[PDB]
Number of protein chains: 4
Amino acid sequence: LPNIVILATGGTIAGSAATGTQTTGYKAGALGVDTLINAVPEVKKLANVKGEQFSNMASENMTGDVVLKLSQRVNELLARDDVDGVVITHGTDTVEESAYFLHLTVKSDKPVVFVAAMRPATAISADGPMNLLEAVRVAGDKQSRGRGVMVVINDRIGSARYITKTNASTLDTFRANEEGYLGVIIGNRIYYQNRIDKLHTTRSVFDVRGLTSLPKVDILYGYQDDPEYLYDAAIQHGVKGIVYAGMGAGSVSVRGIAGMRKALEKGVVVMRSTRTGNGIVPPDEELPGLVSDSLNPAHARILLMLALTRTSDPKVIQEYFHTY
Amino acid sequence: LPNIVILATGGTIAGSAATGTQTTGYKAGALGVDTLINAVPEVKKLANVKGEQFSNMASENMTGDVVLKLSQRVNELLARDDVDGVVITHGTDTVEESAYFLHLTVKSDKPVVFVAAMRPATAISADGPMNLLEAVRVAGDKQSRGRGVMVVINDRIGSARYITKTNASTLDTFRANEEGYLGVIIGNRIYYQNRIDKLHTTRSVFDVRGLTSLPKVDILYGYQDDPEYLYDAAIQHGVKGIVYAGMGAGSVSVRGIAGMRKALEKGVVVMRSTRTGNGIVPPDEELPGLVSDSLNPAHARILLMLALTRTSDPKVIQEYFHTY
Amino acid sequence: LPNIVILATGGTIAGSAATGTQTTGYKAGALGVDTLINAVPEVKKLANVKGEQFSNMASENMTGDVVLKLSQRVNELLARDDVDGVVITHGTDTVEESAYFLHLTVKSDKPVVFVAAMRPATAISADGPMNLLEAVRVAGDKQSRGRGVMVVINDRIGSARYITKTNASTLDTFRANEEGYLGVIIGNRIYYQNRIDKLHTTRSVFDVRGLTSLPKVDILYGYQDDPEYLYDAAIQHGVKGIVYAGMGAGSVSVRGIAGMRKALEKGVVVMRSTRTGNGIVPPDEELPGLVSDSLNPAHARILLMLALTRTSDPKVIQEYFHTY
Amino acid sequence: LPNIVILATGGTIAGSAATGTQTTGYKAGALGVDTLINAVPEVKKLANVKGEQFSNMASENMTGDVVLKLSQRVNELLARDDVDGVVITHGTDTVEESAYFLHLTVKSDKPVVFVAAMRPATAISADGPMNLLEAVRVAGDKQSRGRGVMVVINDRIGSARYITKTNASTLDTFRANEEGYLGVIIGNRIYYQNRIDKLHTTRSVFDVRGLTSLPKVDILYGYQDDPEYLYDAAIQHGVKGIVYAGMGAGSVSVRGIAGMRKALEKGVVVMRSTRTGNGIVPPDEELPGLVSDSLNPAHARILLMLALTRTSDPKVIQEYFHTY
Ligand SMILES: *[C@](*)(CO)CC[C@@H](N)C(=O)O
Ligand SMILES: *[C@](*)(CO)CC[C@@H](N)C(=O)O
Ligand SMILES: *[C@](*)(CO)CC[C@@H](N)C(=O)O
Ligand SMILES: *[C@](*)(CO)CC[C@@H](N)C(=O)O
């Protein structure tokens with residue numbers, strides 16, 4: 001059997017409430033990794049599992065500095081011969097951020113599978129148990145190698161680069177509308193459909209094993225009457241980059257343009273993404289800053305932070321966004 | 001033959017570029033309303049149309065005070081016996097904000113149909129001509145009455161309360177994933193599917209007659225390491241409300257909570273929405289602020305601004321969000 | 001507390017397997033209604049529940065004659081002053097067929113809610129318990145009256161006229177891509193989004209209470225090289241109607257046309273639907289047969305069968321398809 | 001510039017109607033290939049194009065014997081030094097069938113791009129011009145090689161193995177809900193997202209050179225009261241295979257089982273697919289026949305016919321279905 005380590009960080013999958021009917025407002029990251037493993041003994045037939053408690057928090061509190069530590073730990077684990085893959089339990093809210101970060105920084109082809117749950121472990125029809133079993137099956141399957149970081153939940157396997165939480169409260173919230181899933185798990189069998197056509201893991205130039213923190217990047221929303229003062233505030237607090245969750249295709253109002261101009265003059269890298277949820281923000285030389293390709297705001301921030309650890313050259317950063 | 005006024009405000013539907021191959025980075029709000037009408041003469045066979053140039057700008061620059069005037073003009077036009085419906089051409093980027101605003105403030109059952117286009121009028125296979133023809137057909141059909149404000153594009157009829165631009169650059173970008181479309185237009189025939197189960201138009205309490213400004217409301221994004229200083233900034237600039245495009249179901253980091261607590265202490269109304277794109281943000285007494293129901297950040301801001309013209313009572317505002 | 005009758009017919013929601021990992025190939029309709037009720041005792045705090053075992057079969061074996069009896073029993077139940085609503089457990093495979101049948105034949109505004117499950121009751125993370133709890137909540141809410149027959153599963157409420165099983169094996173399989181959901185259930189709260197703009201239940205002319213059998217209607221698929229002989233066979237076996245799951249918008253090959261013409265010559269009513277899964281099959285005077293509006297093949301067969309109990313007039317049947 | 005052959009077969013992209021408002025009921029395959037090219041002269045700036053009129057028919061009439069000649073003609077063309085890629089204009093109704101056939105029989109890495117249109121060439125806002133332009137761009141791009149056969153339309157690049165017409169009449173009808181698009185075309189630029197993880201083209205064992213016909217395979221629908229006699233009919237007409245567009249995960253009624261048992265006894269290969277539209281039909285020893293993996297009925301018929309040109313062994317055919 002494959003040797004899989006289950007690195008727990010918290011989340012609803014490890015969440016609990018007083019009643020089985022409470023599916024909201026519960027406490028995330030309240031249960032220990034062994035408790036999750038013990039709740040689904042069946043996993044032992046899929047692999048030799050070892051639980052490790054990295055953290056136990058609600059993912060809304062996951063921070064870059066900690067995600068960095070998470071990446072370094074997974075790298076140490078995957079470096080071992082006695083480890084065939086890693087399953088990371090994480091909160092659903094920012095799992096797309098943590099997953100994409102590792103997608104870009106893990107220097108190994110061994111499976112790295114993030115797993116989450118939309119209902120707490122104590123809930124009626126809790127999804128966590130099955131999601132966990134599926135994540136371990138994916139992590140231990142030899143066919144799962146070299147596919148980049150994955151997010152497993154609700155019978156689906158999504159690429160960290162495309163998958164995103166699209167719904168605030170549904171079990172089937174994780175989807176990649178335009179890119180689909182890398183594969184699915186039905187009847188205890190994995191069906192691989194796609195291989196992402198982007199750079200990742202072993203072919204990524206991003207290495208952070210020698211860092212303890214990342215460049216500061218904030219996200220500003222785009223909407224009617226969007227204020228210039230928010231750009232002022234960001235610049236003033238030392239951001240190194242600003243990701244714009246823009247209206248439509250990263251379109252900018254006169255006030256947004258004024259703010260971006262100020263940011264650029266201060267050496268801040270401006271990256272134009274979109275608030276819409278899907279699609280391409282195309283290049284436009286008549287607008288300030290760079291464009292995020294198909295990266296949504298949350299994903300764009302992660303890549304920009306990592307990009308900033310290697311260069312401040314706009315052209316190099318722009319190419320990164322079209323290839324990662 | 002129905003009397004339809006086509007009120008123009010700008011957008012890509014009135015956009016142009018030097019070549020038929022340029023579908024991005026073009027000039028929005030470039031063409032006059034009569035140019036659009038004459039480009040699709042067939043609308044004249046469907047109704048007695050009258051073009052009126054309200055404005056001609058890119059929708060990223062559309063502002064609340066201008067939308068306020070737009071709503072007042074439409075209410076005025078619909079009060080006339082010689083006007084059966086109004087079609088409003090608008091840029092795609094913020095049409096959902098302007099459409100929802102009128103959805104709440106136009107006191108008439110006569111059809112108010114926003115229309116737009118994802119490709120400029122000069123582009124190969126431009127969608128504007130057919131979108132406009134369909135919009136006029138919907139506005140002039142008597143079966144279209146009392147349905148709330150609609151947004152017509154790509155053969156679909158979406159409610160202003162549900163429809164949103166989901167893709168940065170595709171023709172089929174406008175969708176209401178969980179709510180579907182009010183109707184579709186195929187083979188020159190309208191197929192009505194649903195009636196929205198929410199308050200609007202003639203049953204709305206949002207009277208804006210005579211107003212010349214709206215309460216200031218800004219939107220702050222939720223993500224890993226989101227900064228508390230953004231809340232400080234908004235508060236310092238006298239916002240009356242803050243809409244939070246939060247992680248998951250409006251989940252808040254320790255920094256976001258600190259920021260929200262300061263806002264609430266200063267009398268700012270905090271509305272928790274989601275950055276995910278769809279779904280319900282459920283009540284949670286353990287978290288600060290109100291919840292946006294299924295309203296996304298953009299729609300949430302519009303409703304909060306209108307709510308604030310009538311009350312500052314959180315309970316009344318919250319009920320508005322569950323009924324409008 | 002409302003009085004809710006839970007009418008069981010079978011399905012995976014009442015399915016069993018030897019192991020908790022067995023999610024496919026299990027036995028449907030193995031557990032009794034009372035076993036389902038005691039399994040999720042929480043339903044007892046939402047309503048005064050009473051179980052009734054109408055049947056216990058895999059829905060792939062549900063038949064028109066049995067659905068007729070189901071509709072008749074439901075009408076009987078709802079006529080009682082001591083019954084406020086009914087929840088019907090049914091297999092997922094043909095639930096859209098049984099649901100739409102009752103949608104057209106139940107002469108009452110009291111809630112009729114079909115409920116199902118994609119995972120057997122014995123599977124880990126089985127969805128049945130929560131689906132049933134939600135179905136009862138919907139059935140007993142006064143706001144649920146007069147919305148037509150609904151299908152509740154995976155936190156969603158779908159109209160029997162639009163909802164369909166879109167995926168062979170996923171929990172989120174039931175969707176109405178173009179029409180959306182009537183509502184959703186999150187955090188033990190119901191959020192009603194739409195009201196179907198079609199005739200049903202109390203406003204339907206399809207009363208079948210005095211019937212024991214229904215007109216035979218078969219469905220023939222459209223594809224490259226589709227054979228004429230399938231039509232000859234249907235005709236020879238006395239079909240009164242043929243529903244065509246056609247290529248595109250009910251397009252027909254030279255062979256299909258010959259088959260349809262032979263059928264029409266022999267007194268059979270031909271209804272052209274689509275194999276695509278969604279959308280409108282528009283009127284076309286250059287093609288034989290009627291068109292199914294937005295009804296997919298499964299739904300079209302149900303409406304055609306019922307239509308044939310009242311008329312053989314093509315003009316009348318066609319209007320039914322545009323209004324029901 | 002690259003040398004691209006535009007091989008025309010007909011379809012709505014070559015359709016014509018007497019007015020610009022008629023988007024349905026038009027005549028498909030009415031315009032010649034050179035006419036389409038002269039309508040979008042911009043293609044000549046993307047490549048040196050040469051039109052070839054293979055046929056001019058509505059795709060509902062495309063037959064296996066003709067598709068064989070199409071595959072053989074394309075193999076012939078791609079073997080040439082002077083042909084960098086081929087764009088094939090085809091009707092939308094069965095393009096998924098023709099495309100998947102070539103996907104399995106064209107032994108070249110050069111781009112094979114099927115293109116189509118949902119609105120006739122004479123229609124207002126016709127999509128054909130842009131679709132063709134995008135198809136030529138994809139066919140001539142070096143980055144497009146070795147991706148399997150593609151279907152380009154509405155700014156999307158879909159794999160022949162996953163793409164399907166999901167809506168009877170919309171412009172955005174072609175989608176692969178669970179698998180996404182291989183890539184998208186926005187702002188005259190191609191954005192490749194995925195590479196399908198299946199066997200195709202150069203790695204296919206399906207040699208069809210020399211064949212003038214294919215084994216007969218028919219499709220039968222699954223629904224309540226499905227008749228056993230259609231199986232009898234298929235058997236009587238000597239079908240070599242039967243694809244079952246089944247209820248749910250290829251579930252079978254008692255009548256369907258009886259019919260399948262008869263077919264199997266007669267040496268007919270039975271393949272269980274699904275009518276739902278998406279998903280995996282998992283293996284089940286308790287049921288007759290093979291399972292179609294994620295292939296829908298139309299795709300399954302194509303693969304089964306080709307599978308039968310190699311063997312009748314069920315085990316081998318089942319493996320073809322899990323790998324192609
Ligand atoms: C429970 C559903 O995921 C809530 C968990 C969320 N706050 C998190 O990101 O941990
Ligand atoms: C063209 C497609 O909508 C871009 C127009 C947009 N900037 C606007 O909102 O006007
Ligand atoms: C289990 C998922 O619904 C299979 C049930 C199906 N055969 C039925 O319709 O009963
Ligand atoms: C026009 C839209 O595709 C109709 C074409 C269709 N009948 C075909 O397959 O050719």
Side-chain angles (χ1 to χ4, degrees), chain A residues 1-17 26-59 61-63 66-95 98-99 101-103 105-106 108 110-123 126-142 144-145 149-154 157 160 185 188 190, chain C residues 20-21 124-125:
Chain A
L1 294 179
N3 299 310
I4 300 300
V5 173
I6 299 182
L7 246 197
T9 72
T12 294
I13 186 164
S16 66
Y26 48 84
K27 176 163 187 172
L31 290 40
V33 62
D34 295 59
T35 299
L36 303 183
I37 294 174
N38 296 333
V40 291
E42 277 125 64
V43 300
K44 291 186 174 184
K45 304 158 188 59
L46 297 183
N48 295 304
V49 175
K50 162 191 159 189
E52 186 177 311
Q53 198 75 54
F54 174 81
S55 65
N56 219 0
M57 67 177 87
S59 80
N61 283 308
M62 182 54 81
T63 54
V66 177
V67 174
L68 208 185
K69 295 192 185 69
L70 179 62
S71 177
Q72 307 176 320
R73 179 50 177 166
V74 173
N75 269 309
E76 306 180 340
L77 289 169
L78 264 23
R80 309 182 117 245
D81 279 347
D82 69 335
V83 176
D84 296 311
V86 179
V87 167
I88 304 172
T89 55
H90 193 290
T92 64
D93 297 352
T94 65
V95 69
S98 298
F101 185 95
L102 270 70
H103 180 75
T105 60
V106 172
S108 172
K110 292 174 170 181
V112 178
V113 182
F114 279 79
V115 64
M118 281 297 284
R119 285 172 186 169
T122 54
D127 56 325
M130 183 57 85
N131 295 334
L132 182 52
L133 277 55
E134 285 176 344
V136 173
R137 181 182 291 287
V138 173
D141 196 289
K142 57 190 176 189
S144 301
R145 291 176 58 83
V149 171
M150 299 167 273
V151 178
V152 175
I153 168 169
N154 191 48
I157 178 56
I185 312 114
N188 305 307
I190 300 171
Chain C
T21 57
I124 89 164
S125 292

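Quick note on labels: first sequence line is chain A, next is B, and so on, each numbered from 1.
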Return each pair, listed once, that meets salt bridge (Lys or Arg N to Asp or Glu O under 4.0 Å) where at least one residue sits in residues 70-81 of chain A; pairs must be two or more places apart or across chains. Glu52(A)-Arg73(A), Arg73(A)-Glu76(A), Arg80(A)-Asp82(A)

Roughly how far apart are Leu133(A) CG and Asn188(A) CG, rounded to 0.5 Å? 8.5 Å

For the CG atom of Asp84(A) and the CG atom of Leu78(A), what is their distance to the nearest 0.5 Å? 9.5 Å

Can you tell which of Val152(A), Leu132(A), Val5(A) makes a side-chain contact (heavy atoms from CB on, under 4.5 Å) with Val87(A)? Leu132(A)

Could you work out, with side-chain contact (heavy atoms from CB on, under 4.5 Å) as the rule, every residue matching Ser59(A), not counting sequence neighbours? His90(A), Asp93(A), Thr94(A)

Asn56(A) side-chain N/O to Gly29(A) backbone N/O, donor-acceptor pair under 3.5 Å: yes

Mind checking what makes side chain to side chain donor-acceptor pair (under 3.5 Å) contact with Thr12(A), not counting sequence neighbours? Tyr26(A)

Of all heavy-atom pairs between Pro120(A) and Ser16(A), which one has the smallest distance, and what is that distance? CB-N, 4.0 Å

Let's go through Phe114(A) and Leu102(A) carefully: what are the C-alpha distance in whole Å and the side-chain angles of both, what is the deciding distance for side chain to side chain contact (heavy atoms under 4.5 Å, CB included) to 0.1 Å, and is it a yes or a no? CA-CA 10 Å; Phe114(A) 279 79; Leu102(A) 270 70; 3.9 Å; yes

Qualifying residues under side-chain contact (heavy atoms from CB on, under 4.5 Å), relative to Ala121(A), sequence neighbours excluded: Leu31(A)

side-chain contact (heavy atoms from CB on, under 4.5 Å) involving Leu46(A) - partner list, sequence neighbours excluded: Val136(A), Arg137(A)

Minimal non-hydrogen separation, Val115(A) against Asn131(A), with atom names: CG2-O, 3.4 Å

Look at the side chain of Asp141(A) and the backbone N and O of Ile190(A), then say whether any donor-acceptor pair between them is shorter than 3.5 Å. no

Can you name the residues that form a side chain to side chain donor-acceptor pair (under 3.5 Å) with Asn61(A), not counting sequence neighbours? none

Test applied, side-chain contact (heavy atoms from CB on, under 4.5 Å); reference residue, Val86(A); option that passes from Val113(A), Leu7(A), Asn75(A), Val149(A): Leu7(A)

Name all residues meeting the side-chain contact (heavy atoms from CB on, under 4.5 Å) criterion together with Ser125(C); count only those two or more places apart in sequence or in a different chain, and write none if there are none. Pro129(A), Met130(A), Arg119(C)

Derivation and outcome, side chain to side chain contact (heavy atoms under 4.5 Å, CB included), residues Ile6(A) and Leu36(A): CA-CA 10 Å; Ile6(A) 299 182; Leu36(A) 303 183; over 6 Å; no

Just by modelled atom types, is the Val67(A) backbone N or O under 3.5 Å from a matching donor or acceptor in the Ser98(A) side chain? no

Would you say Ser108(A)'s side chain and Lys110(A)'s backbone share a donor-acceptor pair under 3.5 angstrom? yes

Separation between CE (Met150(A)) and OG (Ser144(A)), nearest 0.5 Å, reads 5.0 Å

Among pairs that include at least one residue of residues 41-50 of chain A, which meet side-chain hydrogen bond (donor to acceptor under 3.5 Å, both in side chains), considering only residues two or more places apart or in two chains? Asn3(A)-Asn48(A)

Taking all non-hydrogen atoms of both residues into account, name the closest pair between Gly128(A) and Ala117(A) and its distance. CA-CB, 3.5 Å

Determine, stepwise, if the pair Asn154(A) / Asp127(A) fulfils side chain to side chain contact (heavy atoms under 4.5 Å, CB included). CA-CA 7 Å; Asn154(A) 191 48; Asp127(A) 56 325; over 6 Å; no

